[PDB]
Amino acid sequence: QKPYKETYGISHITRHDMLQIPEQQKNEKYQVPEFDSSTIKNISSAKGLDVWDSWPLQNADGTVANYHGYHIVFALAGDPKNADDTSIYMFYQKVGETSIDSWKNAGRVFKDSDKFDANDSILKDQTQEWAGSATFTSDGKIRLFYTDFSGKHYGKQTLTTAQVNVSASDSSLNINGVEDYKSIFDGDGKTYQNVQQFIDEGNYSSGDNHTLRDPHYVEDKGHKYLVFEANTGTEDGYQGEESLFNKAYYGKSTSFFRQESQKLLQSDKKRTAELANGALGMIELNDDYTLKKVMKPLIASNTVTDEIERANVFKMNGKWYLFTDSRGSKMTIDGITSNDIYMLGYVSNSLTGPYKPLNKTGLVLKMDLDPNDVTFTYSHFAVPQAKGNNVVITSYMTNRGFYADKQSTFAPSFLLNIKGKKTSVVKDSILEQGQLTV
Ligand SMILES: [Ca+2]
């Protein structure tokens with residue numbers, strides 16, 4: 001098995017960069033704040049739902065949109081005891097308020113019938129609704145993007161869109177229904193793994209982790225795009241035993257490649273590394289939001305992990321920043337443990353690449369999963385702001401231990417300072433639960 005070097009023209013999360021993280025993450029500038037349990041309330045208008053991954057309605061540039069005098073937050077919600085109830089709800093608050101009680105609930109985006117009424121064959125097998133993005137179009141529409149999950153068909157994941165038709169009521173917002181409800185993309189095998197490859201390899205029993213979800217909408221130069229979590233296909237850098245010999249996945253030096261590769265090949269994470277081919281992918285959309293072009297991934301994570309979630313990208317102060325959430329338990333880097341959860345981050349002069357790691361390693365946030373902690377935040381997401389050097393970091397917060405009258409809720413947002421290729425958690429920047437702008 002001969003060593004080689006092949007980048008496929010895309011950026012890579014290398015083992016050398018990741019191996020720096022266990023020592024770097026000890027610094028407070030990279031650590032998600034800790035929120036005392038006494039400061040936290042349920043989203044009252046959720047009426048007892050557990051509210052998880054959320055994303056705001058954004059203008060094309062990523063900033064928060066103003067719809068009819070309201071901010072809009074879509075969120076996955078349901079109950080921890082029944083995953084197939086997991087569904088997208090549309091919350092909203094009138095611009096200018098930050099209190100958590102100001103968040104109103106317009107209910108589920110979709111009726112159970114909507115997937116059946118839609119001229120779409122993949123929507124028929126949907127069993128859960130997973131995360132995505134939403135944009136306030138020039139026509140004044142609410143254009144939603146999310147993940148079609150099919151528990152029936154081997155966990156297929158499909159990038160899906162729909163326009164959410166909404167009325168205003170002087171008092172409130174109300175969902176009238178959806179249209180242009182359709183599938184967009186589900187992998188092509190050669191650039192992005194698809195469920196067929198997953199099935200052909202032995203579905204779940206292979207240990208592989210097939211992802212294709214969390215589309216994030218972004219425009220640039222009158223082009224519409226979706227950046228999303230995925231896995232590499234056969235013609236980028238695909239998974240397999242051979243992938244551990246591509247030097248591009250290691251970085252640094254050929255000296256380092258030999259040292260790391262041999263140790264990896266004897267590590268008990270060897271197999272996990274061979275199957276690890278996570279990717280932040282990209283496709284161009286036509287003006288009707290249908291597939292126009294499958295573009296090469298913005299970055300891949302071969303041998304490092306199979307799962308880089310919640311792709312996020314936006315232009316800010318002249319540079320493009322790219323973020324993804326990732327679990328330490330699913331990584332194969334020595335020093336990175338199951339107690340650690342991350343937001344990684346990269347920067348580029350153009351939306352389409354090439355991307356270099358922020359803070360020299362890609363580390364932006366590390367959230368600790370110790371037990372003696374009562375609360376935990378998850379699914380961190382950077383929300384760009386109109387002016388300034390700070391982005392708002394939203395997340396959802398859960399509590400250690402069960403309470404019949406406490407659910408997953410909006411975490412207190414905080415600020416992340418972004419300057420050039422360096423980021424820093426702003427100390428004393430705690431906002432209200434779910435606050436989007438500062
Ligand atoms: Ca894989």
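Residues numbered from 1 in each chain as written, not as in the entry; some residues may be left out. Heavy atoms only, no water.

Method of determination, as given in the entry header: X-ray crystallography; reported resolution: 2.6000 Å.

So the rule is basically this: UniProt positions are given in the numbering used here, feature names are shortened, and annotations may be inferred rather than shown by experiment.
For the protein chain, the name recorded in the PDB entry is Glycoside hydrolase family 68 protein, with Bacillus subtilis as its organism. Turning to the protein chain, the UniProt annotation filed under Cofactor (unreviewed entry) states: "Ca(2+)". In its Sequence similarities (unreviewed entry) section, the UniProt record describing the protein chain reads: "Belongs to the glycosyl hydrolase 68 family."

**A word on the overall build of the protein chain**
We apply this condition: Put simply, DSSP H or I for four residues or longer makes a helix, DSSP E for two residues or longer makes a strand, and each gets a number counted from the N terminus. Computation of the radius of gyration draws on C-alpha atoms alone. For the globule rule, the value is 2.2 Å times the number of residues to the power 0.38. Any residue under 20% of the maximum accessible area for its type is buried, any over 50% is exposed, and the rest in between are partly exposed; the area is computed with a 1.4 Å probe on protein chains only. Residues count as neighbours in contact if any of their non-hydrogen atoms are within 4.5 Å of one another. Using a 1.4 Å probe, the Shrake-Rupley method yields the accessible areas, and only the shown protein chains count as cover for residues. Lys and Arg are tallied as positive, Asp and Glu as negative. Neither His nor the chain termini are counted. Where a charge lies is defined by one atom per residue type: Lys uses NZ, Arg uses CZ, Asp uses CG and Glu uses CD.
Check the secondary structure of the protein chain and you find six helices and 23 strands. For 438 residues, the compact-globule formula gives about 22 Å, and the C-alpha radius of gyration of the protein chain, at 21 Å, lands near that figure. Each of the three principal axes of the protein chain carries a C-alpha extent, and together these read 70 × 50 × 45 Å. Within the protein chain, the proportion of its 438 residues that are buried is 58%. The contacts in the protein chain between residues at least 6 apart in sequence include a share of 61% that link residues at least 24 apart. Surface accessibility of the protein chain: about 18,100 Å² in total, with carbon and sulfur atoms responsible for 45%. Charged side chains of the protein chain number 48 positive and 56 negative; the gap between the two group centres comes to 6 Å.

**Some words on the coordination of the calcium ion**
Operational definition: For Na, K and Ca the donor cut-off is 3.2 Å; for every other metal, N, O and S atoms count as donors within 2.8 Å. Water does not enter the count, which can leave sites looking incomplete. Site shape is set this way: if four donors have all angles between 85 and 135 degrees, tetrahedral; if opposite donors are over 155 degrees apart and all others between 65 and 115, square planar for four donors and octahedral for six; otherwise irregular.
Taken together, the protein ligands of the calcium ion are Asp-208 (OD), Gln-239 (OE1), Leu-275 (O), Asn-277 (OD1), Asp-306 (OD) and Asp-306 (OD), with distances of 2.3 to 2.6 Å. Because the angles between the six donor atoms bound to the calcium ion fall within 51 to 166 degrees, the donor set is best described as irregular. Mapped onto the sequence, the residues coordinating the calcium ion show the spacing D-x30-Q-x35-L-x1-N-x28-D. Linking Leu-275 in helix α6 (residues 270–275) with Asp-306 in the loop between β13 (291–300) and β14 (309–316), this pair joins segments that are 31 residues apart in sequence. For the pair formed by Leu-275 and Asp-306, the shared burial category is buried.

**Quick look at the sheet that holds strand β1 (residues 11–12)**
Stated formally: Note on pairing: two strands pair once DSSP finds at least 2 bridges between them.
The sheet built from five strands is open, its strands ordered β1-β13-β12-β11-β10 with mixed pairing. Edge positions in the open sheet fall to β1 and β10 (213–220), since each of these has one partner strand only.

**Side note on the sheet that holds strand β6 (residues 128–136)**
Threshold: Only the stretch in contact is used when fitting a helix axis, every axis being a line fitted to C-alpha atoms; angles between N-to-C directions are given from 0 to 180 degrees.
The mixed open sheet is built from eight strands, whose spatial order is β5-β4-β3-β2-β6-β7-β8-β9. Looking at strand neighbours, the two that pair on one side only are β5 (104–108) and β9 (173–185), the edges of this open sheet. Going across the sheet, the axis of each strand differs from the next one's by a mean of 25 degrees, ignoring polarity. Of the pairings in the sheet, the one linking strand β8 (residues 156–168) to β9 comprises nine bridges and is antiparallel in character. Paired with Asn-165 across the strands is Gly-177, a residue of β9.

**A few points about the pattern of salt bridges**
Formally: A side-chain nitrogen of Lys or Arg and a carboxyl oxygen of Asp or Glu constitute a salt bridge if their distance falls within 4 Å.
Enumeration over the complete set of coordinates arrives at 18 salt bridges. As a salt-bridge pair, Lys-263 and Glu-260 come within 3.6 Å of each other at their nearest N and O atoms. Residue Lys-263 and its partner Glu-260 are located together in helix α5 (residues 254–266), separated by three residues, close to a single helical turn. Taking the relative accessible area as the measure of exposure, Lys-263 reaches 44% and is therefore partly exposed. A residue is classified by how much of its surface remains accessible, and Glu-260, at 7% relative accessible area, is buried. Notably, a salt bridge pairs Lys-270 with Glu-274, separated by 2.7 Å at the nearest N-O pair. Placement of the pair is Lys-270 and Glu-274 together in helix α6, with a separation of four residues, close to one helical turn. Among the residues examined, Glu-274 registers a relative accessible area of 2% and is labelled buried.

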